[PDB]
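Got an experimental structure here, sequence first:
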Amino acid sequence: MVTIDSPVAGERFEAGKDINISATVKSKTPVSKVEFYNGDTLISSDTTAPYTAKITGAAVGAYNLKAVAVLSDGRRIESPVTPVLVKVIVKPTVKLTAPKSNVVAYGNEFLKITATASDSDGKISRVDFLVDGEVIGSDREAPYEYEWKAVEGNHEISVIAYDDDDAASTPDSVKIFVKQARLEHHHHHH
Ligand SMILES: [Ca+2]
Ligand SMILES: [Ca+2]
Ligand SMILES: [Ca+2]
Ligand SMILES: [Ca+2]
Ligand SMILES: [Cl-]
């Protein structure tokens with residue numbers, strides 16, 4: 001059989017970048033060459049393992065990639081189509097809605113982090129929640145929320161959204177201070 005190893009079906013690329021194509025051949029007969037196609041159009045052919053091709057500066061649109069091994073006895077075997085997409089990529093945006101920088105929090109108490117996320121061209125796949133740069137949880141469904149067991153001291157809470165192209169937003173962050181659990185005092189309210 002002949003397999004296209006990369007890219008994988010359904011992969012999305014950015015307009016103007018390159019698509020590099022790799023094929024593996026399994027056959028009892030030695031391979032003369034592997035031809036690489038986009039639809040019916042020959043990209044290029046490769047007489048040597050590893051079998052590679054490259055579409056340089058790919059324009060937007062669908063690419064229907066196939067590899068064909070030409071074997072030493074004249075036979076041809078072919079991969080299935082690997083269909084990929086080249087598009088304009090537009091990163092999502094994220095906004096941290098809680099906590100605020102002046103949050104009153106204590107060590108060991110759970111503190112709810114919340115965010116909104118938007119993608120202008122596509123959709124949000126998930127929001128990741130981070131504390132001092134470390135992912136503590138993800139939420140795949142709006143509303144975006146995570147309950148963090150608070151850790152005493154100064155911490156930076158951030159969120160990063162990921163879209164359906166796996167493009168990440170820039171992070172949105174807040175700096176907070178978490179008090180020692182022993183310093184929780186009465187505070188009047190109504
Ligand atoms: Ca080669
Ligand atoms: Ca997007
Ligand atoms: Ca949720
Ligand atoms: Ca903000
Ligand atoms: Cl503490």
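That came in fine, so what should we check first? Numbering: from 1, shown residues only. Ligands and ions are numbered 1, 2, ... in the order given.

what are the phi and psi angles of residue 77?
phi -130, psi 150 (degrees, to the nearest 10).

distance between the ends of stretch 84-94?
27 Å (CA to CA, to the nearest Å).

repeat for stretch 149-157
End-to-end distance (CA to CA), stretch 149-157: 12 Å.

Check the offset of that stretch from the chain's centre.
27 Å (CA atoms, centre = their mean, to the nearest Å).

quick one: buried residues of that stretch?
150, 152, 155, 157 (16 or more other CB atoms under 10 Å). From N, CA and C alone the C-beta is placed, and that goes for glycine too.

Just flag the most distant two among the residues you listed.
152 and 157 (14.2 Å; CB to CB).

Could I get the buried residues of stretch 149-157 in CSV, plus columns for distance to ligand 2?
Formatted as CSV, those follow (distance: CB to the ion, whole Å):
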residue, distance to ligand 2
150, 33
152, 38
155, 29
157, 24
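
Of these, which are in range of ligand 5?
residue 152 (CB under 5 Å from the ion).

Just the closest of the buried residues of stretch 149-157 to ligand 3, please.
Nearest to ligand 3, judged by CB to the ion, of these is residue 157 at 16.8 Å.

sorry, back to before: now, which of the buried residues of stretch 149-157 sits nearest residue 33?
Distances from residue 33 to those, taken by CB to CB, are shortest for residue 157, at 55.4 Å.

Provide the secondary structure category for that closest one.
What DSSP: H, G, I helix; E, B strand; the rest coil gives for residue 157 is strand.

give the contact list for it.
96, 99, 113, 129, 130, 131, 148, 173, 174, 175, 176 (CB atoms under 8 Å, 6 or more residues apart in numbering).

go again using 7 Å as the cut-off
96, 99, 113, 131, 173, 174, 176 (CB atoms under 7 Å, 6 or more residues apart in numbering).

Provide the strand pairings for the helix or strand containing the third one, with the direction of each partner.
If I follow you right, that is residue 113. Here residue 113, judged by DSSP states H and E, is contained in strand 110-118. According to DSSP bridges, strand 110-118 forms sheet pairs with strand 93-98 (antiparallel), strand 144-149 (antiparallel).
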